Structure formats: C-alpha cells, structure tokens
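Data from coords_36.cif: mmCIF, N, CA, C and O atoms
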data_model
#
loop_
_atom_site.label_atom_id
_atom_site.label_comp_id
_atom_site.auth_asym_id
_atom_site.auth_seq_id
_atom_site.Cartn_x
_atom_site.Cartn_y
_atom_site.Cartn_z
N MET A 1 6.43 -0.42 -9.66
CA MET A 1 7.78 0.09 -9.86
C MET A 1 8.49 0.15 -8.51
O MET A 1 9.72 0.30 -8.45
N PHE A 2 7.74 0.00 -7.43
CA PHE A 2 8.35 -0.33 -6.15
C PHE A 2 7.42 -1.26 -5.38
O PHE A 2 6.19 -1.11 -5.44
N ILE A 3 8.02 -2.20 -4.67
CA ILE A 3 7.28 -3.23 -3.93
C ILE A 3 7.24 -2.85 -2.46
O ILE A 3 8.25 -2.40 -1.89
N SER A 4 6.07 -3.01 -1.85
CA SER A 4 5.92 -2.91 -0.41
C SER A 4 5.12 -4.11 0.08
O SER A 4 4.47 -4.81 -0.71
N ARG A 5 5.20 -4.37 1.38
CA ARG A 5 4.39 -5.41 2.02
C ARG A 5 3.74 -4.82 3.26
O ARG A 5 4.35 -4.01 3.96
N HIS A 6 2.50 -5.23 3.52
CA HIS A 6 1.70 -4.62 4.57
C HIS A 6 1.09 -5.69 5.46
O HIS A 6 0.94 -6.85 5.07
N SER A 7 0.75 -5.28 6.68
CA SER A 7 -0.02 -6.13 7.57
C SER A 7 -1.45 -6.25 7.06
O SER A 7 -1.84 -5.63 6.06
N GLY A 8 -2.25 -7.07 7.74
CA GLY A 8 -3.65 -7.19 7.38
C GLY A 8 -4.39 -5.87 7.46
O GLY A 8 -5.34 -5.65 6.71
N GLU A 9 -3.95 -4.97 8.33
CA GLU A 9 -4.58 -3.67 8.50
C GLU A 9 -3.91 -2.58 7.67
O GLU A 9 -4.35 -1.42 7.73
N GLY A 10 -2.87 -2.90 6.90
CA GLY A 10 -2.23 -1.94 6.04
C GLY A 10 -0.97 -1.30 6.57
O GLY A 10 -0.45 -0.37 5.94
N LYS A 11 -0.46 -1.76 7.71
CA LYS A 11 0.77 -1.21 8.27
C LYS A 11 1.97 -1.62 7.42
O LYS A 11 2.15 -2.80 7.12
N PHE A 12 2.77 -0.63 7.02
CA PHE A 12 3.96 -0.91 6.22
C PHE A 12 4.92 -1.82 6.97
O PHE A 12 5.40 -1.47 8.05
N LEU A 13 5.20 -3.00 6.41
CA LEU A 13 6.19 -3.91 6.97
C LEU A 13 7.50 -3.92 6.19
O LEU A 13 8.54 -4.23 6.77
N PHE A 14 7.47 -3.58 4.91
CA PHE A 14 8.66 -3.61 4.07
C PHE A 14 8.43 -2.71 2.87
O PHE A 14 7.33 -2.65 2.33
N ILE A 15 9.48 -1.98 2.48
CA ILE A 15 9.54 -1.33 1.18
C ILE A 15 10.88 -1.69 0.55
O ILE A 15 11.87 -1.89 1.25
N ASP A 16 10.90 -1.79 -0.77
CA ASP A 16 12.09 -2.29 -1.46
C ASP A 16 13.10 -1.16 -1.62
O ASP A 16 12.95 -0.06 -1.09
N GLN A 17 14.16 -1.44 -2.39
CA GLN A 17 15.24 -0.48 -2.59
C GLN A 17 14.81 0.71 -3.45
O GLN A 17 15.51 1.73 -3.46
N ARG A 18 13.69 0.60 -4.15
CA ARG A 18 13.30 1.58 -5.15
C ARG A 18 12.26 2.58 -4.66
O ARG A 18 11.92 3.50 -5.40
N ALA A 19 11.77 2.42 -3.43
CA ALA A 19 10.63 3.22 -2.96
C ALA A 19 11.04 4.63 -2.57
O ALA A 19 10.36 5.60 -2.92
N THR A 20 12.14 4.76 -1.82
CA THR A 20 12.50 6.05 -1.23
C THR A 20 12.65 7.14 -2.29
O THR A 20 12.19 8.27 -2.09
N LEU A 21 13.28 6.82 -3.42
CA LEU A 21 13.41 7.80 -4.49
C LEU A 21 12.05 8.25 -5.01
O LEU A 21 11.91 9.38 -5.47
N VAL A 22 11.04 7.39 -4.90
CA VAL A 22 9.72 7.72 -5.44
C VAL A 22 8.92 8.56 -4.44
O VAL A 22 8.40 9.63 -4.78
N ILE A 23 8.80 8.09 -3.20
CA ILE A 23 7.92 8.72 -2.22
C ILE A 23 8.66 9.60 -1.22
O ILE A 23 8.01 10.30 -0.43
N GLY A 24 9.99 9.59 -1.22
CA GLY A 24 10.77 10.46 -0.37
C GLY A 24 11.00 9.96 1.04
O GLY A 24 11.95 10.42 1.69
N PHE A 25 10.17 9.04 1.53
CA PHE A 25 10.29 8.56 2.90
C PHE A 25 11.42 7.55 3.04
O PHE A 25 11.56 6.64 2.21
N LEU A 26 12.23 7.71 4.08
CA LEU A 26 13.15 6.66 4.47
C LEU A 26 12.36 5.46 4.98
O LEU A 26 11.23 5.61 5.45
N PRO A 27 12.92 4.25 4.87
CA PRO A 27 12.22 3.08 5.42
C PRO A 27 11.86 3.24 6.89
O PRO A 27 10.72 2.93 7.28
N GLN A 28 12.78 3.73 7.72
CA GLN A 28 12.47 3.94 9.13
C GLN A 28 11.38 4.98 9.33
O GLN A 28 10.76 5.02 10.40
N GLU A 29 11.12 5.81 8.32
CA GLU A 29 10.08 6.83 8.45
C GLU A 29 8.70 6.28 8.12
O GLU A 29 7.70 6.76 8.67
N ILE A 30 8.60 5.29 7.24
CA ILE A 30 7.32 4.79 6.78
C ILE A 30 6.98 3.41 7.34
O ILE A 30 5.80 3.10 7.53
N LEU A 31 7.98 2.57 7.63
CA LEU A 31 7.70 1.27 8.22
C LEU A 31 7.04 1.44 9.58
O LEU A 31 7.46 2.28 10.39
N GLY A 32 6.00 0.65 9.83
CA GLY A 32 5.23 0.75 11.05
C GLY A 32 4.03 1.67 10.95
O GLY A 32 3.22 1.70 11.89
N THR A 33 3.89 2.41 9.86
CA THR A 33 2.76 3.30 9.65
C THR A 33 1.77 2.67 8.67
O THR A 33 2.13 1.86 7.82
N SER A 34 0.51 3.06 8.81
CA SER A 34 -0.55 2.54 7.96
C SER A 34 -0.57 3.28 6.63
O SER A 34 -0.24 4.47 6.55
N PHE A 35 -0.96 2.57 5.56
CA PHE A 35 -1.06 3.27 4.29
C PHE A 35 -2.25 4.22 4.24
O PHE A 35 -2.32 5.06 3.34
N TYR A 36 -3.16 4.14 5.22
CA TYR A 36 -4.19 5.15 5.37
C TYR A 36 -3.64 6.50 5.80
O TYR A 36 -4.36 7.50 5.74
N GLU A 37 -2.38 6.55 6.24
CA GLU A 37 -1.74 7.81 6.60
C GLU A 37 -1.35 8.64 5.38
O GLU A 37 -1.18 9.86 5.50
N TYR A 38 -1.24 8.02 4.21
CA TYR A 38 -0.68 8.67 3.04
C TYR A 38 -1.66 8.84 1.89
O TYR A 38 -1.36 9.58 0.94
N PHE A 39 -2.82 8.20 1.94
CA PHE A 39 -3.79 8.32 0.85
C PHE A 39 -4.39 9.72 0.81
O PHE A 39 -4.60 10.36 1.84
N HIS A 40 -4.67 10.19 -0.40
CA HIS A 40 -5.34 11.47 -0.59
C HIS A 40 -6.76 11.40 -0.05
O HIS A 40 -7.41 10.35 -0.09
N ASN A 41 -7.25 12.54 0.47
CA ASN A 41 -8.60 12.61 1.01
C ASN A 41 -9.63 12.04 0.04
O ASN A 41 -10.55 11.33 0.45
N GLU A 42 -9.46 12.33 -1.25
CA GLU A 42 -10.45 11.95 -2.25
C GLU A 42 -10.36 10.48 -2.64
O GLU A 42 -11.28 9.97 -3.29
N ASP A 43 -9.28 9.79 -2.27
CA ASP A 43 -9.07 8.42 -2.69
C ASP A 43 -9.21 7.40 -1.57
O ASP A 43 -9.34 6.21 -1.87
N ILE A 44 -9.21 7.84 -0.31
CA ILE A 44 -9.08 6.90 0.81
C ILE A 44 -10.28 5.97 0.89
O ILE A 44 -10.15 4.79 1.22
N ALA A 45 -11.48 6.48 0.57
CA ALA A 45 -12.68 5.67 0.70
C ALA A 45 -12.66 4.50 -0.28
O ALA A 45 -12.90 3.35 0.10
N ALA A 46 -12.35 4.78 -1.55
CA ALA A 46 -12.28 3.71 -2.55
C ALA A 46 -11.14 2.74 -2.26
O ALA A 46 -11.24 1.55 -2.58
N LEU A 47 -10.06 3.23 -1.66
CA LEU A 47 -8.95 2.35 -1.31
C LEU A 47 -9.28 1.46 -0.13
O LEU A 47 -8.79 0.33 -0.05
N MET A 48 -10.11 1.94 0.81
CA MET A 48 -10.55 1.08 1.90
C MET A 48 -11.36 -0.10 1.38
O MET A 48 -11.20 -1.23 1.87
N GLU A 49 -12.22 0.14 0.39
CA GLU A 49 -13.01 -0.94 -0.18
C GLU A 49 -12.13 -1.93 -0.94
O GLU A 49 -12.38 -3.14 -0.89
N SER A 50 -11.12 -1.43 -1.66
CA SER A 50 -10.13 -2.32 -2.25
C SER A 50 -9.41 -3.12 -1.17
O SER A 50 -9.23 -4.34 -1.31
N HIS A 51 -9.00 -2.45 -0.10
CA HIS A 51 -8.36 -3.13 1.02
C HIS A 51 -9.27 -4.20 1.61
O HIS A 51 -8.84 -5.32 1.90
N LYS A 52 -10.55 -3.86 1.80
CA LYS A 52 -11.50 -4.84 2.32
C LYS A 52 -11.59 -6.06 1.41
O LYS A 52 -11.53 -7.20 1.88
N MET A 53 -11.72 -5.83 0.10
CA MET A 53 -11.87 -6.94 -0.83
C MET A 53 -10.64 -7.84 -0.84
O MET A 53 -10.76 -9.07 -0.93
N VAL A 54 -9.44 -7.25 -0.74
CA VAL A 54 -8.21 -8.03 -0.67
C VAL A 54 -8.25 -8.99 0.52
O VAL A 54 -7.87 -10.16 0.42
N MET A 55 -8.70 -8.49 1.67
CA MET A 55 -8.75 -9.31 2.87
C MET A 55 -9.80 -10.40 2.78
O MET A 55 -9.75 -11.36 3.56
N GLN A 56 -10.75 -10.29 1.85
CA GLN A 56 -11.77 -11.31 1.70
C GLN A 56 -11.42 -12.36 0.66
O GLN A 56 -11.69 -13.55 0.87
N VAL A 57 -10.82 -11.96 -0.46
CA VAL A 57 -10.75 -12.83 -1.63
C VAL A 57 -9.35 -13.45 -1.77
O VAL A 57 -8.36 -12.83 -1.36
N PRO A 58 -9.25 -14.65 -2.32
CA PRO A 58 -7.92 -15.26 -2.57
C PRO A 58 -7.15 -14.61 -3.71
O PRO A 58 -6.07 -15.11 -4.06
N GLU A 59 -7.66 -13.54 -4.30
CA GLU A 59 -7.20 -13.07 -5.59
C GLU A 59 -6.54 -11.71 -5.48
O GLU A 59 -6.76 -10.95 -4.53
N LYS A 60 -5.68 -11.43 -6.45
CA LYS A 60 -5.15 -10.10 -6.70
C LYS A 60 -6.25 -9.07 -6.88
O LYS A 60 -7.28 -9.33 -7.51
N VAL A 61 -6.02 -7.88 -6.34
CA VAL A 61 -6.92 -6.75 -6.50
C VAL A 61 -6.11 -5.52 -6.88
O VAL A 61 -5.16 -5.15 -6.17
N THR A 62 -6.49 -4.88 -7.98
CA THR A 62 -5.83 -3.67 -8.46
C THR A 62 -6.66 -2.46 -8.04
O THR A 62 -7.88 -2.44 -8.23
N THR A 63 -5.99 -1.46 -7.49
CA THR A 63 -6.67 -0.23 -7.09
C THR A 63 -6.87 0.68 -8.30
O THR A 63 -6.28 0.49 -9.36
N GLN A 64 -7.73 1.68 -8.11
CA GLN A 64 -7.74 2.81 -9.02
C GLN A 64 -6.41 3.55 -8.91
O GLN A 64 -5.65 3.37 -7.96
N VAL A 65 -6.12 4.38 -9.90
CA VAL A 65 -4.99 5.29 -9.77
C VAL A 65 -5.32 6.32 -8.70
O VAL A 65 -6.33 7.03 -8.79
N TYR A 66 -4.48 6.39 -7.67
CA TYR A 66 -4.74 7.24 -6.52
C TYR A 66 -3.52 8.12 -6.25
O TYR A 66 -2.44 7.90 -6.80
N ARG A 67 -3.72 9.12 -5.40
CA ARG A 67 -2.65 10.03 -5.01
C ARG A 67 -2.09 9.62 -3.66
O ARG A 67 -2.84 9.37 -2.71
N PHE A 68 -0.76 9.54 -3.59
CA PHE A 68 -0.03 9.11 -2.40
C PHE A 68 0.80 10.28 -1.91
O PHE A 68 1.54 10.89 -2.69
N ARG A 69 0.67 10.61 -0.63
CA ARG A 69 1.35 11.77 -0.07
C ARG A 69 2.83 11.46 0.15
O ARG A 69 3.18 10.50 0.84
N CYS A 70 3.69 12.29 -0.44
CA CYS A 70 5.13 12.11 -0.32
C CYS A 70 5.67 12.87 0.88
O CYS A 70 4.95 13.60 1.58
N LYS A 71 6.98 12.71 1.12
CA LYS A 71 7.62 13.33 2.27
C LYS A 71 7.43 14.84 2.27
O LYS A 71 7.11 15.44 3.31
N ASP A 72 7.59 15.48 1.12
CA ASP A 72 7.40 16.92 1.00
C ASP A 72 5.93 17.33 1.03
O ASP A 72 5.63 18.50 0.74
N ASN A 73 5.03 16.40 1.34
CA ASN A 73 3.59 16.61 1.46
C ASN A 73 2.93 16.98 0.14
O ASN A 73 1.78 17.42 0.13
N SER A 74 3.64 16.84 -0.98
CA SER A 74 2.99 16.79 -2.28
C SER A 74 2.54 15.36 -2.56
O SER A 74 2.82 14.43 -1.80
N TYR A 75 1.82 15.18 -3.67
CA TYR A 75 1.26 13.88 -4.01
C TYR A 75 1.82 13.37 -5.33
O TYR A 75 2.07 14.15 -6.26
N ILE A 76 2.02 12.06 -5.39
CA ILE A 76 2.31 11.35 -6.63
C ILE A 76 1.16 10.39 -6.89
O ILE A 76 0.43 9.99 -5.98
N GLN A 77 1.01 10.01 -8.16
CA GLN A 77 -0.05 9.11 -8.57
C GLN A 77 0.48 7.68 -8.62
O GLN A 77 1.41 7.38 -9.37
N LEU A 78 -0.12 6.81 -7.81
CA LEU A 78 0.20 5.39 -7.80
C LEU A 78 -0.99 4.58 -8.30
O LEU A 78 -2.13 5.04 -8.32
N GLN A 79 -0.69 3.35 -8.71
CA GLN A 79 -1.67 2.28 -8.80
C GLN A 79 -1.05 1.04 -8.19
O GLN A 79 0.05 0.63 -8.58
N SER A 80 -1.73 0.47 -7.20
CA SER A 80 -1.20 -0.66 -6.45
C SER A 80 -1.92 -1.94 -6.82
O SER A 80 -3.14 -1.94 -7.06
N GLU A 81 -1.16 -3.02 -6.90
CA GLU A 81 -1.70 -4.36 -7.09
C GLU A 81 -1.46 -5.14 -5.80
O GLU A 81 -0.30 -5.36 -5.42
N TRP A 82 -2.54 -5.52 -5.13
CA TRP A 82 -2.51 -6.04 -3.77
C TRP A 82 -2.94 -7.50 -3.74
O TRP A 82 -3.91 -7.88 -4.40
N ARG A 83 -2.25 -8.30 -2.93
CA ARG A 83 -2.68 -9.68 -2.69
C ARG A 83 -2.29 -10.09 -1.28
O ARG A 83 -1.14 -9.89 -0.87
N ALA A 84 -3.24 -10.68 -0.56
CA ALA A 84 -3.03 -11.08 0.83
C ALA A 84 -2.86 -12.59 0.93
O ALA A 84 -3.43 -13.36 0.15
N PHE A 85 -2.06 -13.01 1.90
CA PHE A 85 -1.81 -14.41 2.18
C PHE A 85 -2.14 -14.70 3.64
O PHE A 85 -1.63 -14.02 4.54
N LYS A 86 -2.99 -15.70 3.87
CA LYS A 86 -3.48 -16.03 5.20
C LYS A 86 -2.81 -17.30 5.70
O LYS A 86 -2.72 -18.29 4.97
N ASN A 87 -2.35 -17.26 6.94
CA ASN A 87 -1.87 -18.44 7.66
C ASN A 87 -2.96 -19.51 7.64
O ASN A 87 -4.04 -19.29 8.20
N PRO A 88 -2.72 -20.67 7.01
CA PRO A 88 -3.78 -21.70 6.97
C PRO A 88 -4.13 -22.28 8.32
O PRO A 88 -5.20 -22.89 8.46
N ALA A 89 -3.28 -22.10 9.33
CA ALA A 89 -3.56 -22.65 10.65
C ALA A 89 -4.33 -21.69 11.55
O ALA A 89 -5.04 -22.14 12.46
N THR A 90 -4.22 -20.38 11.31
CA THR A 90 -4.90 -19.38 12.12
C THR A 90 -5.89 -18.52 11.35
O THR A 90 -6.70 -17.83 11.98
N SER A 91 -5.84 -18.54 10.01
CA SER A 91 -6.67 -17.77 9.09
C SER A 91 -6.32 -16.29 9.06
O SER A 91 -7.00 -15.53 8.36
N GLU A 92 -5.30 -15.86 9.78
CA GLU A 92 -4.92 -14.45 9.81
C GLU A 92 -3.90 -14.15 8.72
O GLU A 92 -3.10 -15.00 8.33
N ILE A 93 -3.96 -12.92 8.22
CA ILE A 93 -3.11 -12.48 7.12
C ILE A 93 -1.67 -12.33 7.61
O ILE A 93 -1.38 -11.56 8.53
N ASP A 94 -0.77 -13.09 6.99
CA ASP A 94 0.66 -12.94 7.27
C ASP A 94 1.18 -11.62 6.72
O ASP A 94 1.84 -10.86 7.44
N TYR A 95 0.91 -11.34 5.45
CA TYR A 95 1.26 -10.06 4.86
C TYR A 95 0.42 -9.85 3.61
O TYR A 95 -0.21 -10.77 3.09
N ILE A 96 0.42 -8.60 3.14
CA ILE A 96 -0.15 -8.23 1.84
C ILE A 96 1.00 -7.79 0.96
O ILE A 96 1.75 -6.87 1.31
N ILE A 97 1.17 -8.45 -0.18
CA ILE A 97 2.18 -8.03 -1.15
C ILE A 97 1.60 -6.89 -1.98
O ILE A 97 0.43 -6.92 -2.37
N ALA A 98 2.41 -5.86 -2.22
CA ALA A 98 1.97 -4.67 -2.94
C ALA A 98 2.96 -4.36 -4.05
O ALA A 98 4.15 -4.14 -3.78
N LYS A 99 2.47 -4.33 -5.28
CA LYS A 99 3.21 -3.81 -6.43
C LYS A 99 2.68 -2.42 -6.72
O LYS A 99 1.53 -2.26 -7.15
N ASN A 100 3.50 -1.40 -6.48
CA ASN A 100 3.07 -0.01 -6.54
C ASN A 100 3.65 0.64 -7.79
O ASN A 100 4.83 0.99 -7.83
N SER A 101 2.80 0.81 -8.81
CA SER A 101 3.22 1.46 -10.05
C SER A 101 3.16 2.98 -9.90
O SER A 101 2.29 3.52 -9.21
N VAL A 102 4.09 3.66 -10.56
CA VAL A 102 4.26 5.10 -10.41
C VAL A 102 3.96 5.78 -11.74
O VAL A 102 4.30 5.28 -12.81
N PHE A 103 3.30 6.94 -11.66
CA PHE A 103 2.99 7.73 -12.84
C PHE A 103 3.46 9.17 -12.66
O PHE A 103 3.58 9.65 -11.53
#

Transcribe the structure of this file into structure tokens.
Amino acid sequence: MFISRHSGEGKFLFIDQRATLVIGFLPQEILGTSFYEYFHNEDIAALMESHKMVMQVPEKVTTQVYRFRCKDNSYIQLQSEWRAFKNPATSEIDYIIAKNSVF
C-alpha cells in the first residue's frame, strides 16, 4: 500500500507519495536510514533472514507480518514484498524494491 526502495544493506532510498500518512515520517526523516532502525525487537531477527535471502536469490521474498515503528514511536503492522536487482557488470545490488502492505 506504499512502495519504498532500499540499498543492498536496507538503507531507505525512496518512499512513495503514500508512505508518510502511514508511518508518519517525512521523506527527509527516513531516507538515508536503515530499515533495521524501525523493526520491532521481536521481528528484526526474522526480517534479517528475509533480507539475507533477498540478497541471495533472483526471486521475490515476502516477509512475515511485522511491526514497524512509526514517528510517534507506536507500531503498525506491515508485510513487505522485497526483490533485489544486481548490476550485471559489478554484481552489486542497485536497489531493493519494496511493496509494503499495511494492516
């Protein structure tokens, strides 16, 4: 329900027009920060493994439903669909596309 794009390490590079109303953060507040900054304590470990698998496989990877910390430091429940694209000349990830569903 909002799209973001991340670096190979998870740093926010882009959020769409629909994100701020959901998570409360202005783009200048969240761009440049890692998505490990916002994951709930109980979800970060499973999300790291999802992140690892995305960086390995050519395929889409869907996360579990997890809690994402909003600007007011409360949490909303997201489920993200992640896919990484690697520069064929350098093998490094150009970006990770993220479809972030909201509940």

Item checked: Residues matched by the PyMOL selection byres ((chain A and resi 65) around 6), written as an MDAnalysis selection string -> chainID A and resid 63:64 66:67 77:79

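As for atom CA of residue 16 of chain A and atom CA of residue 90 of chain A, they are spaced 27.7 Å apart.
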
Each residue of segment 43-89 of chain A with at least one atom at most 8 Å from segment 5-15 of chain A should appear once, together with its nearest atom pair and the corresponding distance in Å (one decimal); atoms considered: only N, CA, C and O atoms; ordering: chain, then increasing residue number; output as JSON lines.
{"residue": "A:51", "atom": "O", "partner": "A:8", "partner_atom": "O", "distance": 6.0}
{"residue": "A:52", "atom": "N", "partner": "A:8", "partner_atom": "O", "distance": 7.4}
{"residue": "A:54", "atom": "C", "partner": "A:8", "partner_atom": "O", "distance": 7.6}
{"residue": "A:55", "atom": "CA", "partner": "A:8", "partner_atom": "O", "distance": 6.3}
{"residue": "A:83", "atom": "O", "partner": "A:6", "partner_atom": "O", "distance": 7.0}
{"residue": "A:84", "atom": "CA", "partner": "A:6", "partner_atom": "O", "distance": 7.2}
{"residue": "A:85", "atom": "N", "partner": "A:6", "partner_atom": "O", "distance": 7.5}

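Minimum atom-to-atom distances from A:58, A:53, A:69, A:24 to residue 38 of chain A were compared using all atoms listed in the file, and the lowest value belongs to A:69.
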
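Secondary structure from DSSP on the backbone puts helix (DSSP H, G or I) at the following positions of chain A: residues 19, 20, 21, 22, 23, 27, 28, 29, 30, 35, 36, 37, 44, 45, 46, 47, 48, 49, 50, 51, 52, 53, 54, 55 and 56 of chain A.
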
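Interatomic distance, atom CA of residue 25 of chain A against atom CA of residue 97 of chain A: 18.9 Å.
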
Next item on the list: Please identify all polymer residues within 8 Å of residue 17 of chain A, counting only N, CA, C and O atoms, omitting same-chain residues fewer than 4 positions from it, and present them as JSON, numbers by chain.
Entry: {"A": [1, 2, 3, 21, 22]}

Once you have the residues from the selection above, write them out as a JSON list (two decimals), in the frame of the given file, restricted to N, CA, C and O atoms.
[["chain", "number", "residue", "atom", "x", "y", "z"],
["A", 1, "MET", "N", 6.43, -0.42, -9.66],
["A", 1, "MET", "CA", 7.78, 0.09, -9.86],
["A", 1, "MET", "C", 8.49, 0.15, -8.51],
["A", 1, "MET", "O", 9.72, 0.30, -8.45],
["A", 2, "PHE", "N", 7.74, 0.00, -7.43],
["A", 2, "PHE", "CA", 8.35, -0.33, -6.15],
["A", 2, "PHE", "C", 7.42, -1.26, -5.38],
["A", 2, "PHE", "O", 6.19, -1.11, -5.44],
["A", 3, "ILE", "N", 8.02, -2.20, -4.67],
["A", 3, "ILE", "CA", 7.28, -3.23, -3.93],
["A", 3, "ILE", "C", 7.24, -2.85, -2.46],
["A", 3, "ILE", "O", 8.25, -2.40, -1.89],
["A", 21, "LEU", "N", 13.28, 6.82, -3.42],
["A", 21, "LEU", "CA", 13.41, 7.80, -4.49],
["A", 21, "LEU", "C", 12.05, 8.25, -5.01],
["A", 21, "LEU", "O", 11.91, 9.38, -5.47],
["A", 22, "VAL", "N", 11.04, 7.39, -4.90],
["A", 22, "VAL", "CA", 9.72, 7.72, -5.44],
["A", 22, "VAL", "C", 8.92, 8.56, -4.44],
["A", 22, "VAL", "O", 8.40, 9.63, -4.78]]

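Candidate residues A:82, A:68, A:75, A:95 were compared for distance to residue 44 of chain A, and the nearest is A:68, using only C-alpha atoms.
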